[PDB]
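Protein chains in written order, with my numbering: chain A, 13 to 284; chain B, 13 to 284; chain C, 13 to 284.
Backbone N, C-alpha and C define an ideal beta-carbon position, used for all residues, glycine too.
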Amino acid sequence: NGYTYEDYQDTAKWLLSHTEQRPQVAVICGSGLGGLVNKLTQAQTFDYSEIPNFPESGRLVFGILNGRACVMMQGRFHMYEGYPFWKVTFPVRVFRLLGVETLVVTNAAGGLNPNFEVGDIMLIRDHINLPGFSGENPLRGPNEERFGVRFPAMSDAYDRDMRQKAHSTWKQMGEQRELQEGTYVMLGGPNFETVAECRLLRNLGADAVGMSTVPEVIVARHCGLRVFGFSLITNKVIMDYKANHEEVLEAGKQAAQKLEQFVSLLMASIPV
Amino acid sequence: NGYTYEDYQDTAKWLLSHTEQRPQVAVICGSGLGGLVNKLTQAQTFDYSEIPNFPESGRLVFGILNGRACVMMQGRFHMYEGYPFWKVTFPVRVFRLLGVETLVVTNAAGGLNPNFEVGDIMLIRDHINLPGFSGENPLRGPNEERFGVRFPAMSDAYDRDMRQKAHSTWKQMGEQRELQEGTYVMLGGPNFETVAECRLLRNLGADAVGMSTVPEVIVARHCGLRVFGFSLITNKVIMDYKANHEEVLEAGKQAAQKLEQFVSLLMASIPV
Amino acid sequence: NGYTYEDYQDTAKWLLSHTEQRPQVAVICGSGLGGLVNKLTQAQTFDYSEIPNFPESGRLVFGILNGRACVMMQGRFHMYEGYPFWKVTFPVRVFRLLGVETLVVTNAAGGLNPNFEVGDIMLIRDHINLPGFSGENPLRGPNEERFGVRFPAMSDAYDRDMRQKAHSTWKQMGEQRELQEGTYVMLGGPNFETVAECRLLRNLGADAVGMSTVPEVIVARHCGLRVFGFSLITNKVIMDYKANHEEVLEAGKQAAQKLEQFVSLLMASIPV
Ligand SMILES: Nc1nc2c(ncn2[C@@H]2O[C@H](CO)[C@H]3O[C@H](P(=O)(O)O)O[C@H]32)c(=O)[nH]1
Ligand SMILES: Nc1nc2c(ncn2[C@@H]2O[C@H](CO)[C@H]3O[C@H](P(=O)(O)O)O[C@H]32)c(=O)[nH]1
Ligand SMILES: Nc1nc2c(ncn2[C@@H]2O[C@H](CO)[C@H]3O[C@H](P(=O)(O)O)O[C@H]32)c(=O)[nH]1
Ligand SMILES: [Mg+2]
Ligand SMILES: [Mg+2]
Ligand SMILES: [Mg+2]
Ligand SMILES: [Zn+2]
Ligand SMILES: [Zn+2]
Ligand SMILES: [Zn+2]
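So this is what it looks like as structure tokens:
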């Protein structure tokens with residue numbers, strides 16, 4: 013944490029005086045998932061570059077989505093860019109200081125579970141934090157009690173109530189493909205995995221693999237936010253003897269109409 | 013290593029001129045295990061803050077325990093506090109420069125082995141250093157030959173002679189519960205593990221999980237110290253679909269009379 | 013990357029003006045494998061200390077090997093020495109700027125596969141990057157497009173064509189022992205592994221374990237180099253309840269006549 017408690021306060025104060033919007037829910041939009049901001053009403057956008065203390069990516073968009081006041085991150089930060097986790101997760105603590113109570117995290121991931129198929133939406137039921145095993149953690153350093161406790165529990169990170177609400181909502185949508193669920197594993201990147209690494213990750217119990225999200229979830233739970241999230245399976249990883257960026261980028265627009273409807277409906281029952 | 017060889021020497025010299033005690037054994041007391049210092053005779057305490065070069069935690073207590081001259085660390089340092097391993101392990105090299113020959117390391121840990129039960133004492137037979145897999149190691153950097161070799165072996169870290177002496181001593185005590193043995197795995201922390209992570213760690217062959225000890229053992233072996241250690245199982249980790257700090261704190265006082273007797277008896281046969 | 017693009021250019025320019033040699037192949041010689049430079053004709057050596065920007069180890073030797081113009085690293089750099097991966101891999105990008113098209117990487121490793129025997133040569137078919145799981149990666153930071161893409165694929169890192177050429181060449185040599193193949197796993201070091209760690213690594217699917225190579229391969233693939241490599245199995249790791257440096261050093265001279273012949277023949281078919 014290269015930021016003082018006051019830095020977070022200064023940023024939150026700036027945002028509160030520049031918009032009349034007062035979000036109750038924050039949504040972090042992953043790779044190729046930034047199209048959700050388009051459905052917001054009474055929207056107000058701020059490029060990250062205009063906000064004091066924000067890291068370099070992207071923009072923050074406030075607005076109303078299906079009755080709920082939200083704030084969305086159009087673009088996120090990654091460890092592979094050279095940013096320490098205290099920079100990657102800066103926005104999460106700011107959201108808490110704005111009065112946000114729930115965080116929705118989304119991402120694009122590679123499918124490790126053999127039953128998954130391209131286009132599947134996997135509700136995140138749990139995660140595996142590989143960088144955390146070695147000490148790379150956003151909570152490393154002196155603990156700030158004004159945010160949370162020294163040793164936070166992480167076994168109940170993904171809200172059970174919201175996950176059931178998610179399944180009920182997916183049923184009302186009348187989708188032919190079942191809503192998937194699984195464990196998300198995060199690794200640093202930026203290179204893609206070798207076959208041997210993919211086999212290993214699957215045997216660790218992982219269903220999907222990506223390069224983000226886990227740090228943000230840990231910080232959100234530390235400061236008391238309710239957490240819900242999902243992965244868009246953009247490709248099936250090969251487990252025997254290639255993957256590119258445009259593949260995940262194309263897959264993004266592929267299931268755009270699907271994700272937008274889903275997230276919009278979930279706002280109805282969060283709750284408040 | 014942000015410390016010069018001279019820094020270690022300066023600290024050892026300070027200690028040698030401020031107490032007449034000349035310890036042969038050093039004991040690092042973990043979470044809720046600091047009550048052992050109470051049985052020391054001719055004791056002398058120094059807060060870490062009074063000792064030149066010591067990291068910030070805690071106190072060092074010299075004294076006689078059941079016939080043996082000892083020095084105990086009442087409180088230790090952790091990677092999750094933001095300290096590099098060269099700071100976490102500073103005391104170990106100082107002990108070597110004082111003439112200490114044996115290091116006893118203790119800690120509180122979560123039980124991964126299904127047969128373990130709360131209150132069990134697990135002798136550490138081996139360990140798994142996860143942070144070490146990624147390069148986070150107290151020996152990283154130029155090697156100081158005055159302490160040890162460039163590529164130290166770690167497969168024989170936990171002295172076999174002492175482990176058998178430990179079992180014989182535990183038998184003379186007449187305990188109803190058998191003395192457990194197992195592999196300790198260290199992860200960075202400070203958050204507690206998710207269910208998926210717990211399942212993974214068990215399949216890696218780990219019997220107990222914690223956030224310390226391994227760095228100190230590696231440094232002790234590098235500089236030639238005999239090593240012995242154990243974990244107090246404060247709780248059984250859940251492997252299916254919470255843990256707090258006061259749970260391990262309460263469990264500490266729970267088996268206080270047990271640990272104190274055990275450690276005191278082990279001093280009898282170390283040997284000298 | 014603490015180096016600017018210009019730094020790489022300055023170093024490459026220095027080398028190009030100090031030798032008439034123009035290598036097409038670069039070979040990194042591992043522990044006890046530096047004897048290959050002896051067969052070079054029209055050789056020219058530069059201690060790393062004479063080359064602007066080079067890290068501290070060792071020497072670079074240019075020359076002709078069995079008809080092919082080569083440049084060899086007599087000694088490499090390791091993460092355990094305290095060097096970040098951007099320093100460890102500096103030479104690889106310089107080689108690309110010299111016009112090198114293929115990189116041959118060699119190392120000494122511990123055998124995890126039960127069928128391996130001391131003296132065996134294991135062709136590297138794939139790898140597992142443990143430090144990479146936690147973010148320690150030579151590509152971490154802003155991406156330099158003049159070298160490669162932001163998200164490079166790594167599943168096809170070890171050239172299939174060269175691996176088959178390797179097997180054909182090994183057959184013409186008339187060796188009694190078959191040429192082995194397997195997955196190489198890299199860990200930080202400098203201490204050697206415990207029994208519990210060895211068992212774990214084997215279950216991850218690793219056949220050989222060492223403290224180098226992976227970073228260099230990742231950087232080579234990022235900048236477009238064809239990659240081929242192998243490990244000299246210097247010892248069989250114990251999987252039940254010691255290893256030193258002179259053991260791998262002695263094993264090096266043991267299979268010197270073997271490795272030298274093999275590498276020399278492979279130059280014939282790389283191709284050009
Ligand atoms: N590590 C990894 N990432 C993958 C794979 N398939 C898709 N991804 C996505 O590729 C992207 C890079 O092309 C990664 O970042 C994004 P996000 O976490 O910002 O939403 O998700 C990741 C994959 O197979 N492995
Ligand atoms: N990582 C981890 N640590 C645990 C668990 N159960 C008990 N612990 C203990 O919780 C403590 C934090 O509440 C950790 O530090 C101490 P020590 O290593 O300083 O003796 O041991 C650790 C557990 O389930 N996981
Ligand atoms: N990590 C590890 N390294 C081993 C083992 N057996 C041999 N090695 C070699 O010991 C050497 C240290 O004695 C390591 O560095 C060299 P190189 O990567 O520079 O070629 O290879 C490594 C082994 O069992 N484990
Ligand atoms: Mg700014
Ligand atoms: Mg001080
Ligand atoms: Mg120089
Ligand atoms: Zn203004
Ligand atoms: Zn004094
Ligand atoms: Zn000159």
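Contact test: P64/C Cβ vs ligand 6 heavy atom, cutoff 8 Å: yes
Test: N127/A CB closer than 9 Å to a CB of chain B: no
9 Å Cβ cutoff, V161/C in contact with chain A: yes
Per-residue burial, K99/A [other beta carbons within 10 Å of its own, 16 or more giving buried]: buried
CB of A121/B within 9 Å of CB of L244/B, strictly: yes
Cβ-Cβ separation, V73/A to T57/A (assumed contact under 8 Å), whole Å: 5 Å
Proximity test, Cβ basis, 9 Å: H30/C and chain A: no
Proximity test, Cβ basis, 9 Å: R211/B and chain A: yes
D22/B to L109/B span [Cα, whole Å]: 10 Å
Cβ-based neighbour list, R175/C, same chain, cut-off 8 Å, excluding 5 preceding and 5 following: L135, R137, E193, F240
Proximal residues of chain B, C-beta to C-beta of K254/C below 9 Å: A165, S167, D168
Beta-carbon proximity check, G147/A vs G87/A, cutoff 9 Å: no
Chain B contacts from the stretch 187-213 of chain A (Cβ-Cβ distance under 7 Å): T195
Same chain, Cβ closer than 7 Å to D171/B, five either side skipped, listed in chain order: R238, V239, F240
Residue-level contact to chain C via CB, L151/B, 9 Å cutoff: yes
Minimum Cβ-Cβ distance from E148/A to chain C less than 9 Å: yes
Neighbourhood of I250/A by C-beta, 8 Å cutoff - its chain only, sequence neighbours within 5 removed: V207, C210
Reference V260/A; option with closest CA among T246/A, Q273/A, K270/A, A267/A: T246/A
Residues of its chain near residue 12/C, where Cβ-Cβ distance is below 7 Å and the 5 sequence neighbours each way are ignored: Past the boundaries of the shown model lies residue 12/C; chain C is included only from 13 to 284, so the question cannot be answered.
Other residues of its chain near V112/B: CB distance less than 6 Å, five sequence neighbours each side excluded: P35, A38
Reduced DSSP category for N247/B - H, G, I as helix; E, B as strand; rest coil: strand
Contact the stretch 259-276 of chain C vs the stretch 155-174 of chain C: 3+ CB pairs below 8 Å: no
Cβ of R137/B within 9 Å of any chain C Cβ: yes
Range covered by the alpha helix (DSSP H) that runs through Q188/B: It is not in any alpha helix (DSSP H) - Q188/B carries neither H nor E in the DSSP assignment.
C-beta contact flag for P154/A and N13/A at 9 Å: yes
Integer Cβ distance of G222/B from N149/A, believed to fall under 8 Å: Contact doesn't hold; Cβ gap of about 15 Å is too wide.
One or two residues paired with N119/C in a DSSP bridge: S243/C
Under 7 Å from the C-beta of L216/B: neighbouring residues of chain C: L212
Where the stretch 244-275 of chain A meets chain C: residues whose CB sits under 8 Å from a CB there: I250, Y253, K254, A255, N256, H257
Bridge-paired residues (DSSP) for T53/B: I76/B
Proximal residues of chain C, C-beta to C-beta of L142/A below 7 Å: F145, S146
Distance between beta carbons of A268/A and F204/A, contact taken as under 8 Å: Contact doesn't hold; Cβ gap of about 23 Å is too wide.
Amino acids of chain B, ordered along the chain, whose beta-carbon sits closer than 7 Å to that of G94/C: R152, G153, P154
Cutoff 9 Å: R108/C Cβ touching any chain A Cβ: no
Burial state of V284/C (16 or more Cβ within 10 Å): exposed
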